Amino acid sequence: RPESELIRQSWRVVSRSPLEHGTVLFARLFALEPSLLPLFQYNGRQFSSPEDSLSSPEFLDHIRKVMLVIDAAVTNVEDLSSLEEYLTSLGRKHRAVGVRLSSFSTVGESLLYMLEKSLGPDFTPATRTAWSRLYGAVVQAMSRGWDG
Ligand code: HEM
Ligand SMILES: [Kr]
Ligand SMILES: [Kr]
Ligand SMILES: [Kr]
């Protein structure tokens, strides 16, 4: 497929420096939906401001975890049925920590922002569409962790 190749080629640029790029993703996320900030409770404590999260080793480890899941999806773009059970369970975990399913649309927009800003003119409307489709498929699998 041509979509699969657009995804693999664009990801190569981002996966070079996953923490730097995942930092952009989460900075954008908290700018759009500040109410996600209290859901990261490490040591029973809440971050006051978004910049507090960037000093937290546990938060930065979660950025790495995110980028690893996306890497797995890109690696398996031709057949995502293999990640399906893992993703359902990842959904259940996030439901448990208190993330609402509607917040994953904001995460998607933040991912697209991070890609747009990293790729500049190489972020074509075809590339956007491809990533939207891939992210949609990931979220569909995760959404089974909220039942359905
Ligand atoms: C609103 C968005 C999100 C919030 C508030 C959130 C929050 C959390 C929290 C609190 C944990 C448990 C503590 C930790 O391991 O750091 C967690 C675990 C995790 N999250 Fe997220 N997360 C979000 C989105 C995502 C996304 C989009 C992905 C991947 C695509 C992701 C992947 C993970 C993974 C892999 C774990 C470890 C799961 C395990 O216990 O095996 N998270 N997340
Ligand atoms: Kr952040
Ligand atoms: Kr993401
Ligand atoms: Kr994705």
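For this chain, numbers begin at 1 and follow the sequence in order. First listed ligand is number 1; within each ligand, the first listed atom is number 1.
Close N/O approach between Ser103 and ligand 1 is not found [any backbone or side-chain N/O within under 3.5 Å].
Nearest protein heavy-atom contact of atom 2 (C) of ligand 1 is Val107 CG2, 3.9 Å. The closest protein non-hydrogen atom to atom 4 (C) of ligand 1 is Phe40 CZ, 3.5 Å. Of the protein's heavy atoms, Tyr42 OH, 2.7 Å lies nearest to atom 16 (O) of ligand 1. Protein heavy atom in closest approach to atom 10 (C) of ligand 1: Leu39 O, 3.7 Å. Of the protein's non-hydrogen atoms, the one nearest atom 30 (C) of ligand 1 is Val69 CG1, 3.7 Å.
Sparse packing is recorded around CD of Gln9, with 12 or fewer heavy atoms of other residues, nucleotides or ligands lying under 6.0 Å away. Counting heavy-atom neighbours within 6.0 Å of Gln41 CD, excluding the residue itself, gives a total above 12. Under a cut-off of 6.0 angstrom, the local environment of CZ in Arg8 is crowded, with over 12 non-hydrogen atoms contributed by other residues, nucleotides or ligands.
Protein non-hydrogen atoms do not reach within 4.0 Å of atom 41 (O) of ligand 1. Distance check for atom 33 (C) of ligand 1: a protein heavy atom is found below 4.0 Å.
Among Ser53, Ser55, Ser49, the one residue that satisfies the side chain to side chain donor-acceptor pair (under 3.5 Å) test with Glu51 is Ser49.
Per-residue contacts place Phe104 under 4.0 angstrom from the following atoms of ligand 1 (heavy atoms of the residue considered): 27 (C). Near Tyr86, the atoms of ligand 1 lying under 4.0 angstrom from a non-hydrogen atom of the residue are 35 (C).
A heavy-atom distance below 4.5 Å is found between the side chains of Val14 and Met114.
Ring pair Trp131/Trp11 is tilted by interplanar angle, where 30° to 60° counts as tilted.
Listed here is the closest heavy atom pair of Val77 and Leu80: O-CG, 4.2 Å. Considering all non-hydrogen atoms of both residues, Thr88 and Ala141 come closest at OG1-O, 3.2 Å. In plain terms, the two heavy atoms of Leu37 and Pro50 that are nearest each other are CD2-N, 3.9 Å.
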Query - Criterion salt bridge (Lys or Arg N to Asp or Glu O under 4.0 Å) on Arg144 and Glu84, from CA distance to verdict - result: CA-CA 10 Å; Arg144 298 168 66 212; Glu84 185 173 325; 2.8 Å; yes

Report task. Begin from the C-alpha positions of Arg133 and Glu3 and carry the test salt bridge (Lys or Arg N to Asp or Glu O under 4.0 Å) through to its verdict. Result -> CA-CA 9 Å; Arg133 263 174 201 148; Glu3 291 200 312; 2.7 Å; yes

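Excluding water, every protein N/O/S atom under 2.8 Å from atom 21 (Fe) of ligand 1 is given here by residue and atom: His62 NE2, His94 NE2.
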